[PDB]
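Report on the following structure.
Chain nomenclature is as follows: A, B, C, D, E, F and G, assigned in order of appearance, with residue numbering initiated at 1 for each chain independently.
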Amino acid sequence: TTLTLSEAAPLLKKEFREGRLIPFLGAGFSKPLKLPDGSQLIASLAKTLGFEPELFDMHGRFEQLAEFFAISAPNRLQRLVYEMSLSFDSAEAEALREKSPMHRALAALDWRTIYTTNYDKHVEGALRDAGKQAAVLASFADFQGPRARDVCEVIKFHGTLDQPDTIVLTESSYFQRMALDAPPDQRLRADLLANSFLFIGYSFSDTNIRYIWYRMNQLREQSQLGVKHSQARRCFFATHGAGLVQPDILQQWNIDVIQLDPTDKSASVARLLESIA
Amino acid sequence: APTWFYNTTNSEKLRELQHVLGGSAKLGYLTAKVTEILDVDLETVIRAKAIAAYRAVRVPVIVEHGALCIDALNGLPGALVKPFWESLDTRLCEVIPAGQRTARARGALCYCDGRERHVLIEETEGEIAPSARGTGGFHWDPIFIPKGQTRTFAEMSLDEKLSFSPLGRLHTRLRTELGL
Amino acid sequence: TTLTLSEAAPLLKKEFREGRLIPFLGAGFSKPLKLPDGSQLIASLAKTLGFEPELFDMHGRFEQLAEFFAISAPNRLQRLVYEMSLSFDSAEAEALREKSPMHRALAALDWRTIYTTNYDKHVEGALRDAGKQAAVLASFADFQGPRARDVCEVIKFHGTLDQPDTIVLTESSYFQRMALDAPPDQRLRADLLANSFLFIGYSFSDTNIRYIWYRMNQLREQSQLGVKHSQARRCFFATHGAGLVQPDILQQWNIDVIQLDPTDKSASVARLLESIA
Amino acid sequence: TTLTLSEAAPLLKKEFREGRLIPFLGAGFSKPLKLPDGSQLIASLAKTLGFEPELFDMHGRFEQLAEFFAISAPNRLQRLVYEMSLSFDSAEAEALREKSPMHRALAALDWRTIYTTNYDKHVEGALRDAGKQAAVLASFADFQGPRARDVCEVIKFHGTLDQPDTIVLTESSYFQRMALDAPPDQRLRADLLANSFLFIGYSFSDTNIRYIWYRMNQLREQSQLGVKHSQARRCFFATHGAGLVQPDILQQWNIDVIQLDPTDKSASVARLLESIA
Amino acid sequence: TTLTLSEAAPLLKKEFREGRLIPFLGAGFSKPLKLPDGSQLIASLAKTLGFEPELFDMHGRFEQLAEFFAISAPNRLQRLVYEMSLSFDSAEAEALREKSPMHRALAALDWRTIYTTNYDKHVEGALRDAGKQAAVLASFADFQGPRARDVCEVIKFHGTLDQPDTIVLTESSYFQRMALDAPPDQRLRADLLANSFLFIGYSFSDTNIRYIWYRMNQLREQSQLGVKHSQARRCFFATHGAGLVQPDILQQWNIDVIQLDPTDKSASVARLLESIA
Amino acid sequence: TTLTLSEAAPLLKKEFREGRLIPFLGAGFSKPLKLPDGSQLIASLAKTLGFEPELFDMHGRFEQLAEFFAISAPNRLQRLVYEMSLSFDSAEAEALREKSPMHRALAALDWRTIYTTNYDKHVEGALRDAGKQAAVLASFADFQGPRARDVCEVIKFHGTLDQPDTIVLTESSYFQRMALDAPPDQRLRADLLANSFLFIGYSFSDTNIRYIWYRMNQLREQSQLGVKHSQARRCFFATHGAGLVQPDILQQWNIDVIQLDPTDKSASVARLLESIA
Amino acid sequence: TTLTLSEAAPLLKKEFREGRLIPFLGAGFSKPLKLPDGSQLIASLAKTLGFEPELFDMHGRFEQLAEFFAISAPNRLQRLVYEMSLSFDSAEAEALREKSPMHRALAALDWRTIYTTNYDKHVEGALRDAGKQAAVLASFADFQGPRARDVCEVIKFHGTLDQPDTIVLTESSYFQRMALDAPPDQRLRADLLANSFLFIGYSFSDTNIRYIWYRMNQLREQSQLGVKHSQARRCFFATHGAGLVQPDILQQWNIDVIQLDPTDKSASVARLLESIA
């Protein structure tokens, strides 16, 4: 009911040599850089507001606690972006990034499009470390700006720290992305029409990501394809610790789960990215 | 109207560059006087000469500076050739020992559009004459004999001098990179 | 920062005598009828699937655990609707409903529109107990069907048990309502343009309810009203146990919180509905 | 106020050598193949219905007269597609297509994406004539189907005759495309975020094409770019006979008009496509 | 014609023990923290734009070269603030700040108001290092925000990096401050009515600072005080390398020059701040 | 729509214990000292000019009738100041000032700044009666003069009788203060950035006071704060007899009205100042 | 990115025949009269003060070195005006002015308003040479003085040598003009509301000229005109040697640059003024 690493490796080679495999990188991909995930941010927002971090967690979800933070005082969200920029993109996080085996194995492949939902320059920065060049696309001005001819386009799906208007963190910013009208939303839905995705270090907790894969099946089911042909183009979900409910929800959306070895999280991902080559 | 301007106060360099790049309608001519820095390296002086001539005329400018590195003087004058021919006119043939007369005639163009300085360098092997001979040309042309040739730059005409001199290879490189 | 019962009582009388107050009733309004809330359903779905009810709860949210239930076997969702109908609308739940002080105090007022998100006939059934007559509107055929002239229209916002196609319980049914295109969605957004609402027994946990109040502020903020005039038409949120984060999120959406006495939940609601009269 | 051919030629070379120019081909591009435009179809639909072709034209627009045709009898639209197949993709239209100077000049360039709104295989067929290979993408199954690595993707924006469910001709099919949810709609809106378009043989009469360029400016104006930077990425509209109103409407949407010589329509287009090379 | 360190020391003790001395700190005060001054920023802006740093300097003044940078591309100023945040407020600039003798000698005194024109947290950060607490005031929301009772207010006169809308760097932002209507402008002009200032590490090159001291003399000369009484309240300008023209311009504005020893810039400032105690 | 005395008392205690409450005293604060208000001056100017006091009132406003008085003869304004000094600061007005309950309740609090618009020494004289010491600041020489360390600064906003050049009474002197360039104007606009004010005995009839609160909202509205945060810092307007129009004009400027009991004007003010303690 | 002479010639004819073109003449317009520019004055001020002219230049800007000159001794500025009058308006500068081709081409056109920033009678003197009559307006008494009916008004924007109080040369006189309250300032800002200007021989180095064009865009941007209509009324800047930064700064302010031939400065200007006719 779940692919292993050796089973999923010839399936990922076929989609990569056809140029139809696109990585989707989450907050767990920057975990070996000693960065906060979605839980250590809330522990830092609770310290500023005067909450204990265990009491602040039980008043709402991740989107709702950041919405409460941003309206506590004026200019409270601007300060967070400034603090995150100094902590996420620091020089000691740069130094952990050249010697990271996941970021080396990611940049060794010749991708054309990479999607990320984290606010750090460590995915395009991994491509600059390997001598390659990348193109960060986050806002409308980036898509219409000049690029080079054949350069890997890194789509910052949730925003970048050097453009603080593009960061979606609060609940009102997730509701603004439910219209699927932002330039990262329109680019994602067109790439999903034709490409397989590889989710690495990401857990489907964002209700706007799950809503995009929902509405791709409304195109898939209305097109009245067979049992054989509607199940042909799959997406892949590499996860150490998926539960018992979530892999069966995603089978509806043509998403297969690749079970990685949970003893060493960083080496299991790196062996997956080296098996694509 | 021109888009590039060749700046020189030397009216003998002006008739050389107008002999080949003269029919180009995209090249103008200015006569601003600049002051060079004290260094024997040609690359250093021509690069500091373009920043000092753009500051004077404030248009995309092309400047020119040369070198006469000599083996017997361990590379002297280098880009210090302007005060040698003023001081040692034809005694420069006499201060150099007979038997090791070999030298290099270097020359450099540097064009500055206001944002970038690009240096083009050509170079001609040769040897200093035992005595100054020839009437044509200008400064230090009666003393330099190119390799293979027996005659000086002064003994040759302007078509024949530019088939040996560094400027005859710098016309085509300046025309191609600027579209003149 | 929070209205009491005596403070909110003259504010609710003014909107009721103008005919511009509409109740919005949740799952806590049927709690004195000994019915399951959103947590005792999941305890019943876990028993059918073979889960322990505490282990089944930590694999996903309420929408996602019901999506996992409905795809476990064919005809598994229809069985749930049949079971719910026998338990929610049973004869002993009818007998607890005439002697309930909340349902008597609700039906004593002369409403014109009532919205509910629960699958039981105990809101229109409370109106039949008081001699009044109601009109259940759940699907497209109900809105175009014949009614009487001046009859309280009960809008089953999430569906009714006698029309099992209208029940939104699973995650795919909540995503289908994100388009705001269903007939209860279109009727709600037009009533929200002109009326104050009174949330009784409901907690804002549905991301499609919160998205409707989100997009009413996008009309409110784009209309460029003043500080005084954009804050004039309020909605009211009666809750015994609202936390510390959620009342400040809803102040953005012109929703005021009415703090009820948490010692007796049923009598606190009944004194609120009697203060409107 | 309008570019000429020699003025627009260095602007089209710059966008083509960067790989950011995409042709958009209309019904006037298949006019030298002796095919009907939008007016000779209506003259053929009026003959079947028993109308005089001048009396049938004054009862509605092009979308509405085809909607009236399709509901006159059962299977009346299926017959039209069959008839169009016989006349648009006939062997004598193939023979006029190799010796057409526009189709030779189009296929001489190394495009990557071509959009068309006409129902004929004469744009991808022009690429097969030049030894190149193309990939027709019209439906959801085409986007998820297998292609080769670097092949020009021809996006049949309004449908293809070999897939009759994809043809949008009637008014109800244009209203179904107003949601911008079809796979050619989603691919167009993502390519418009990053690329210049070249409209050849097309007149903006489709209210779904004009609505896409409308909503790209709602992204452009909300992004609050300057006067200089919001006017940088242009689109180009080659037309022999644009009026006095329509070029000023399209200046709002960053669409520049290239005035072609109206004495010979086919040679003016061919000199434009040869000036890009 | 110029005060020495021992001559100016009893004049600074008298104004400090009366509570009427306010420091004004410039870009040279953060020079021992290895930060750029106004010339190394322009060397960094020229590298991004593709200029040589000596050619870029001769096309305009400091305000005008930053105005040219900010309009070169969209979001070009936002990136600069992000980069400055990473380099000005880095952890190695924090570590040089505790062992800096100027920042220790500044925080040893019990100030009430400090003005700075540099975008870094190293003046209020020096007060946090000495156990004291500070209050950064940069925007309108900071002045109306809550503070404590007796806390040194650090007025970021040109803006702060955590509030990027307050940074005045380009020429258009200096012209917007010529109206003297910003909250740091209004607070400065009222403190100048009653207090002596001490300029440390600042050179009068900003034409809005010089315009404020200009218009204080228009109040001083119109009030028709004597020769003795109009020259009583002085300001002090500690500078290693003031020229021959600028000290006589500032004598008009009651600004006295304190000549510091230019052999060691950091130790000369530290002996001045220790002589006030 | 209007605060009472008991409602506004905890709001004034909070701003006073933080040191952010500043009294603003008008001509009605010196009414129990049997002094003229703005109407009995005009009755005295009409007697000198030979007018009947009811006929002189209908030829212009208060500013314009004093402008007509000052240009009737040379040295006519100097005489008025002399007469006002003998009447306003007389010994029998001193004797009514120690036994006045408002002036005792004002001096019992430990203020730091007091603004007045009346020409009499009865606000700083009330502080001398309670053993405290005050510092009158009216002109440019007062702001740069020597004070003590922690002494309540009484800002004579419209001038003092012992400095007759500072008195603004005529229309030309109000127009000279429209530039907001005087030292009381610059000190007021900087204190308004950070402090709540309490208007006692003052009615907003001066068009230069209303223009200062106008231009503080132009800073407040351009800073784009929320509905919640732009309404946080309020000012307070204690008045027995405010009409129906003026309290709603001042709600724009964050000024709340405190309704005092109009039966006894002196005792209502004294109970307000005792409730702050 | 820069207009040539033949491109700008039909644009200047259209504004001139409508009477909406006004010349703005700088110090380079009097350069063929062998007069000092802004650099040869400073070489003459350094000789009087005892400076070497290269050492005096590096102690401040042009405004600041003249401020240092004027306060070196009493009556030092009066002497400069006397010396300038004898040199600028000498008889040999008159004789070079009739045979100057720029001054003949300027006076051949029928202007109505001419602005100059130089202290010499060679712009109105050029109009007297062509038989026309001019009206010099420099001070308040000139604007209210008598003129004739239709006579070209020459606005001496920085002053005239026959009225030495109007000359703005020192830094304190430039700061006095920052209020934009002088009669040449008020006349310029009203002519800029309705007219195109032609800058000849002037380089934007005066921070009060740049501040006027700054605040015309604050009216232009607040009026919320479109992209098309806010860019309609242009100003023109004829310059032989504009750099790389300054033409892009002035595009913000609707100022277009006309590149003149730098080989002969006088003949390039004269061909521009003859192309307007």
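By definition in this document, contacts are C-beta pairs under 8 Å (C-beta built on N, C-alpha and C of every residue); 3 or more make two chains touch, one makes a residue touch a chain.
In UniProt terms the chains read A, C, D, E, F, G = NAD-dependent protein deacetylase; B = XTP/dITP diphosphohydrolase.
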| item | value |
| --- | --- |
| Rotation, 0 to 180 degrees and nearest 5, that superposes subunit E on copy subunit F via CA atoms | 180 |
| Candidate from A-E, E-G or A-D with the same interface as E-F, over half of contact pairs in common | A-D |
| Intercentroid distance (Cα basis), subunit G paired with subunit D, Å | 55 |
| Mean-CA-position distance for subunit D and subunit C (Å) | 50 |
| For subunit B (XTP/dITP diphosphohydrolase), residues that touch 2 or more chains besides their own | 114-115 |
| Chains that touch, pairwise | A-C, A-D, A-E, A-F, B-E, B-G, C-F, D-E, D-G, E-F, E-G |
| For the subunit F and subunit A complex, residues of the former touching the latter | 223, 225-226, 228-229 |
| Interface residues, subunit G side, partner subunit B (XTP/dITP diphosphohydrolase) - complex | 4-5, 240-244, 259, 261-263 |
| For the subunit C and subunit F complex, residues of the former touching the latter | 227-228, 230-231, 251 |
| For the subunit A and subunit F complex, residues of the former touching the latter | 71, 73-74 |
| Residues on subunit F engaged by subunit E in the complex (per definition of touch) | 18-19, 139-141, 143-144, 146-147, 149, 181, 183, 186-187, 189-191, 193-194, 215, 219-220, 223, 225, 229, 232-233 |
